[PDB]
Amino acid sequence: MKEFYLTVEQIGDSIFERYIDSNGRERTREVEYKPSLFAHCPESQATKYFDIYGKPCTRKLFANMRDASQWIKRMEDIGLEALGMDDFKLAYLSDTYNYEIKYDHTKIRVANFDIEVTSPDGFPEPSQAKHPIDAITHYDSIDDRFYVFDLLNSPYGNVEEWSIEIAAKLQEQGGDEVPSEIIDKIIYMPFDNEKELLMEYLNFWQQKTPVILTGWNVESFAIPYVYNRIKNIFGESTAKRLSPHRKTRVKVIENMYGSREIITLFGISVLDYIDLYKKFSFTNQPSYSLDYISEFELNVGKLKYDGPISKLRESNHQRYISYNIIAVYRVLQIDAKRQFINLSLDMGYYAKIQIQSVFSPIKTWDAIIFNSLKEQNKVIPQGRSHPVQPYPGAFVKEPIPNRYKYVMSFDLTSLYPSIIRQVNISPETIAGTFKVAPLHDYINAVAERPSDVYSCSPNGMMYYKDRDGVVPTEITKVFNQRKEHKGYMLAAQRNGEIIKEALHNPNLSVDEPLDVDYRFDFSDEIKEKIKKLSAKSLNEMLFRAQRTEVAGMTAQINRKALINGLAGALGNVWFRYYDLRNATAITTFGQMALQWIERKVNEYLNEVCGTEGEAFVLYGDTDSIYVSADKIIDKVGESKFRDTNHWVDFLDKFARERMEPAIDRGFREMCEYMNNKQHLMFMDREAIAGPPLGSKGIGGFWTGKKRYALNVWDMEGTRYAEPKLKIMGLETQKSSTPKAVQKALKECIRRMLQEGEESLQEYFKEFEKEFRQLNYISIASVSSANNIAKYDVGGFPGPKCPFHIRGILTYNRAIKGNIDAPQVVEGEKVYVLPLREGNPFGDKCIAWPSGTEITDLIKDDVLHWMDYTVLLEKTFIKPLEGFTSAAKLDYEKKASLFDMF
DNA sequence: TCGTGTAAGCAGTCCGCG
DNA sequence: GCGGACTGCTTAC
Ligand SMILES: Nc1ccn([C@H]2C[C@H](O)[C@@H](COP(=O)(O)OP(=O)(O)OP(=O)(O)O)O2)c(=O)n1
Ligand SMILES: [Ca+2]
Ligand SMILES: [Ca+2]
Ligand SMILES: [Ca+2]
Ligand SMILES: [Ca+2]
Ligand SMILES: [Ca+2]
Ligand SMILES: [Ca+2]
């Protein structure tokens, strides 16, 4: 097999590399890598190296990496560009793996771990590590085993061995319900003392050294705690055994309001799963506790125990250990679903970066572009300092707030990357500038043609057309990968709807789910077999189809994120190819494209309808248009349709056969006008929306920019078994909105769109009447909490104190003195509840850590003093009044003349 | 919230608005 | 009360 790296580090003048050799064995080597860098040279000097602008360069080979680094400094001192890859380990990887890396995940040691630390005096700070580590569960992907290290003797209590037999039993048998499928995979090791536990853990770590290290909050808690605890007990040298090269450093992570420390373990790639989740999941969660996320992702119940976690070991060590094991497994289960580790390996090896660098689109693209240019013996420019400057982005049309009955939407495929490719936008393809007219003049095609030679953006920039720039070439490669995976995702989605339809008529039989590839549209044969399957088999197939869809979603949306990240990186001062001319060339072209096609679509539909100046495009944002289809439906007449699916079919055909060709004609003209390299503005139908045929539903409504709701029957070729609400921006979509209020607002919207005014009024009256019964957590608001200290004046709110911060200050006074009480953590999320006038907390609201029950110290009083009236008005009535006033309907029945009977 | 970008919505504070 | 200037937070793209 072809070799591939696992990890790479620079340590002084050495590259330390862990890799899989040609025989599939893990090896480590130290290489005295001599880096090369470049300087511009005279044109008369014969060379094969050229910078991206075609200027000749001389290669400078250094005796060692420190010499190269010193030379860069002196070049700055002199005032001359020092060209080439200054991150020498990226250059090392490029030299050592000069081919497309094919990796074998089965050879990569992925470790998932979690620790427990009993602490009587509050949160055990990892930088202090003053409390014993009393449990470690460490899962190893190569062994496929859970290694459990259990401390039986501690200053906080001596306990008996954990019982695998009790662990396996149902919670209803007094067990812990450790999943049967991992029972045989547990290797349990009890310890008489913590020193023995940690010494054995390090020996184990040396034998089975993680390449990828993950878990939940491992970078911020588990790793620093273990490192510092071992340091405290044994000294620095022993703690450094966590690194295969015995090198670690404290890294200070800075943000806007403070800093925290992590431990860099040289020769390990730490991919904390909470951070993978935040980057790759495209969710914004009210809480990021593992309990909360596992419930959300896997629909598993809360890991239930009595009393505080600080007393759990002494009271129920059995459960303590089982829950530690289950915590490790839950991360594996989330990864089995989301496949973020797989994604990270894919992206990291593709770019030829340290795997942990996948968190950085700038580092990722720097490597991709460097490797690409190096293939042509081209030399990358030096990174420069730039002041942060604001620049313009997308256009968003102001919609007229209203109900909109029939709506068809259209959207440009991968807009910003498509613009980059169409226009040929790259650092080295800049050809010059032209004199810009106001954007309106290009939109309406009255401005002079920018260039008869070069490819243009309406920001004034011109680009070469003779050859593709490196940015277009590389972005195209990732776009093509993205497209493949999006294909699999949509197939799995369509396949899911086939199964949902079949579930209306399940067969009374005993059978098995079909062995199929859900990434491909079901054949006629498969569809026929599905129609004969039992509910049990169908439901298993639906689960599998949905899991396939999720895997496709992970693969495609994050490749989309990477390519859109390149467009954004052009506007980040730390990117090697930072250039606001290029960043604005993209965004300004986007503004033109949207408004150009709005005009073309309006012109086309006015022609087909025989009207003048009527606005068919009701809304657009960045690269999408929403088209009112009322007049198209009305031209055949609602009475002529057999059912909802009939008019959906009709609009689908109208969009594909009439509107899309008109749109493509419109964009081809725009391409010619801007003299672009290649026509890549591909705008296809997205949504078909409307009320159910014969209903009083309103179909859709807009309240403002980025705030709308649609009842969708077909989305990108997926014909739903049941209509799906597409709600954007409204409170149903916001993590700050209480959970039960999201639910209620969604049902209000469903009724508005599908059933009409009377249905909405019936539901509102009931919710208003019953909502006080809802669990307090379900009706609490949520907010991130920054700058708590700034607004804290002797425990009380200072000037301009935000509402949620005031709630935290109230909480802090109420728990003052109690060392065990859960503390609000700066930068994390809180639940927030309003308090009634005259409450014992002395203020109008209280806040506590999100994803948790409020401490029993104050729970009863919070419940007693909760202001239900304010809660309802603020979170429910106010947003609903917004929806209904926009939609021109009433959530309460108005008086009429009939009331007199 | 260490980690690519801008546009733009709503909650809430402070305080004007005769 | 509502609305502007401002901060804070959270979406859509
Ligand atoms: N997180 C995001 C989302 C969007 N955009 C920009 C780049 C996109 O190209 C454009 C339009 O956003 P879309 O959500 O419609 O995404 P794309 O057009 O890129 O992809 P798709 O093919 O799925 O429509 O907005 C961005 O910079 N960052
Ligand atoms: Ca725990
Ligand atoms: Ca798009
Ligand atoms: Ca599309
Ligand atoms: Ca059937
Ligand atoms: Ca879009
Ligand atoms: Ca206001």
Side-chain angles (χ1 to χ4, degrees), chain A residues 219-220 251-260 262 271-272 274-276 278-280 282-284 286 288 356-366 388-398 411-412 414-416 560-575 577-578 580 582-584 586-588 590-591 594 619-624 703-708 726-737 781-787 790-791 797-807 825-830 832 834 844-845 874-875 878-879 882:
Chain A
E219 195 181 65
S220 61
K251 186 179 181 179
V252 180
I253 300 304
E254 296 189 335
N255 67 38
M256 202 152 44
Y257 307 119
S259 71
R260 59 188 184 89
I262 66 173
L271 302 178
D272 195 334
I274 192 169
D275 293 328
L276 292 175
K278 284 169 175 179
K279 185 182 173 57
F280 295 138
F282 291 84
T283 63
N284 193 7
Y288 288 91
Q356 67 267 37
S357 286
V358 301
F359 287 113
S360 172
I362 287 163
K363 180 62 87 174
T364 301
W365 283 112
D366 200 39
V388 175
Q389 289 185 282
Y391 68 96
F395 172 81
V396 187
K397 183 186 173 63
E398 187 77 65
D411 166 84
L412 285 147
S414 186
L415 184 65
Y416 281 15
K560 162 185 173 185
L562 185 60
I563 56 180
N564 290 344
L566 181 50
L570 293 167
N572 178 285
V573 297
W574 302 103
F575 192 43
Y577 310 100
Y578 172 80
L580 248 40
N582 287 344
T584 311
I586 298 161
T587 64
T588 307
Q591 291 216 15
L594 180 53
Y619 184 67
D621 182 342
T622 307
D623 73 330
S624 69
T703 79
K705 290 184 182 178
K706 301 178 189 288
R707 287 183 61 87
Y708 62 95
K726 177 178 181 58
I727 305 167
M728 310 308 303
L730 306 189
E731 281 75 4
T732 53
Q733 308 312 113
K734 296 183 70 164
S735 63
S736 44
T737 297
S781 297
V782 180
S783 188
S784 294
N786 305 297
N787 281 297
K790 168 179 272 188
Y791 292 105
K800 295 143 199 165
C801 183
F803 191 84
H804 60 290
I805 304 299
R806 178 186 292 274
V825 181
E826 163 81 17
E828 283 179 42
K829 293 191 187 187
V830 290
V832 185
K844 58 175 184 181
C845 64
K874 274 157 49 162
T875 67
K878 203 177 173 183

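Every chain is numbered from 1 and lettered A, B, ... according to where its sequence line falls, protein lines coming before strand lines.
Taking atom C1' in both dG8(C) and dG3(B), one finds a spacing of 22 Å when rounded to whole Å.
Listed by chain and residue number, nothing satisfies the side chain to side chain contact (heavy atoms under 4.5 Å, CB included) test with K878(A) (two or more places apart in sequence, or in another chain). Under the side chain to side chain contact (heavy atoms under 4.5 Å, CB included) criterion, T875(A) pairs with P738(A), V741(A), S781(A), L871(A), sequence neighbours left out.
For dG12(B), the sign convention on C1'-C2'-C3'-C4' gives a south pucker, since the angle is negative. Nucleotide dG9(B) carries a north sugar; the sign of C1'-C2'-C3'-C4' is positive.
A 4.5 Å side-chain heavy-atom check between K397(A) and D621(A) finds every atom pair outside the cut-off. Residues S259(A) and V252(A) form a side-chain contact, since some pair of their non-hydrogen atoms from C-beta on lies under 4.5 Å apart.
Listed pair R806(A) / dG12(B) fails the phosphate criterion, with no side-chain N or O lying under 4.0 Å from OP1 or OP2. Under 4.0 angstrom from either OP1 or OP2 of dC9(C) there lies at least one side-chain N or O belonging to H804(A). OP1 and OP2 of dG5(B) both lie 4.0 Å or more from every side-chain N or O belonging to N564(A). In this model, the phosphate group of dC10(B) is not approached by any side-chain N or O of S736(A) to a distance below 4.0 Å at OP1 or OP2. For the OP1/OP2 pair of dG9(B) and a distance below 4.0 Å, the side-chain nitrogens and oxygens of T703(A) include no atom meeting the criterion.
Helix-axis bend for the helix from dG5(B)-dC13(C) to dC17(B)-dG1(C): the local axis fitted to the five terminal pairs at one end deviates from that at the other end by 30°, rounded to 10°.
Between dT4(B), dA8(B), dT10(C), one nucleotide has an atom nearer to the side chain of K734(A) than all others, and that is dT10(C). In the set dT1(B), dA12(C), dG12(B), the nucleotide with an atom closest to the side chain of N255(A) is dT1(B). Of the candidate nucleotides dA12(C), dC9(C), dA7(B), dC9(C) has the atom lying nearest to any side-chain atom of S783(A). The side chain of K878(A) lies closest to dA11(B) when the candidates are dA11(B), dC9(C), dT10(C).
Of all non-hydrogen atoms in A394(A) and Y416(A), the two that sit nearest each other are CB-OH, 3.9 Å.
Counting any heavy atom pair closer than 4.0 Å across all strands shown, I362(A) reaches sugar-phosphate atoms only and no base atom. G393(A) comes within 4.0 angstrom of the backbone, heavy atoms only, and of no base. In this structure, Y791(A) reaches the sugar-phosphate backbone alone: every heavy-atom distance under 4.0 Å involves primed, P, OP1 or OP2 atoms, never a base. At the heavy-atom level, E254(A) lies under 4.0 Å from the strands shown only through sugar-phosphate atoms. Looking at heavy-atom distances under 4.0 Å, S735(A) makes contact with sugar-phosphate atoms alone, never a base. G704(A) comes within contact range of no nucleotide atom at all, as no heavy-atom separation falls under 4.0 Å.
For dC2(B), the base has a donor-acceptor partner in the side chain of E219(A) [N/O atoms by modelled type, under 3.5 angstrom]. At a cut-off of 3.5 angstrom, the base of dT11(C) holds no donor-acceptor pair with the side chain of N284(A).
Look at CG on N786(A): it is 7 Å from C1' on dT1(B), rounded to the nearest Å. Rounded to an integer number of Å, the gap from CD1 of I805(A) to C1' of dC9(C) is 11 Å. Rounded to an integer number of Å, the gap from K705(A) NZ to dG9(B) P is 6 Å. Atom-to-atom, CG of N787(A) to P of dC6(C) comes out at 19 Å; the value is rounded to the nearest Å. Between the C1' atom of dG8(C) and the NZ atom of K800(A) lies a distance of 14 Å, rounded to the nearest Å. Between the P atom of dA7(B) and the CG atom of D623(A) lies a distance of 15 Å, rounded to the nearest Å. The separation between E731(A) atom CD and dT11(C) atom P is 11 Å, rounded to whole Å. As a whole-Å value, the separation of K279(A) NZ from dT4(B) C1' is 8 Å.
Between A569(A) and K397(A), the residue whose closest nucleotide on DNA chain B is further toward the 5' end is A569(A). Nearest-nucleotide positions on DNA chain B place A785(A) closer to the 5' end than the other of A785(A) and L566(A). Comparing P802(A) and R707(A) by the nucleotide of DNA chain C that holds the closest heavy atom to each, the one mapping nearer the 5' end is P802(A).
Ring-to-base geometry does not place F803(A) in a stacked arrangement with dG12(B) (centre distance under 5.5 Å, plane angle under 30° required).
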